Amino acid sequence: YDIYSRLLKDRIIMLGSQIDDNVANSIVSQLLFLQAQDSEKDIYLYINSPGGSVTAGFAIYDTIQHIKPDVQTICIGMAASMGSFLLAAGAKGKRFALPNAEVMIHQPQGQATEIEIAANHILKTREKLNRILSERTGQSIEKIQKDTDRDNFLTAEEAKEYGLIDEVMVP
């Protein structure tokens, strides 16, 4: 679509699909582009994703944390698994959801190849997810481990109360 090109001028990135390497490459490239345009101005990352690959999600995570600009995260529909992980990873005080957004932190995948899955288990990237979520939500590692194994769906309000977002955007 020609629309996502216009939105880059507004420093808006839409993450509206399952997260695989292709998507990760696209989002990362968009993040580096906007940093090159203007290293100071905020970026707006709208999220409607059911999740996906963990190494691909970490690629985006790492790029959000590395670049100079504050990356604002705004969930518009769903944020599950890596979707919700990236939602929580946005700039402090600047993580949002619309009132009818659905958030799940269950971390179960996502067209991941042999090499990726091998890396995940060997470098125990799941423990790294749990540890990062714990830091960014304030929850204990033990509560994070428990909830990421479970299939709990949170309303926007329940997501704020959990510490995944900062503010529910009520009209």
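Quick note: we count residues from 1 along the sequence shown, nothing fancier.
Peer 1: In this entry, is the chain continuous from residue 138 to residue 139, or are deposited residues missing in between (none, 1 to 3, 4 to 9, 10 or more)?
Peer 2: Count of unmodelled residues in between: none.
Peer 1: Which has higher Cα B-factors on average according to the PDB entry: 156 to 164 or 8 to 16?
Peer 2: Averaging CA B-factors over each stretch, the winner is 8 to 16.
Peer 1: Comparing 114 to 122 with 139 to 147, where is the mean C-alpha B-factor higher?
Peer 2: The stretch with the larger average C-alpha B-factor is 114 to 122.
Peer 1: What third of the chain, by the recorded C-alpha B-factor, contains residue 48?
Peer 2: According to the entry, residue 48 has a C-alpha B-factor in the chain's lowest third.
Peer 1: Ranking every modelled residue in this chain by its Cα temperature factor as given in the entry, which third contains residue 70?
Peer 2: As the PDB entry reports it, the C-alpha B-factor of residue 70 lands in the middle third of its chain.
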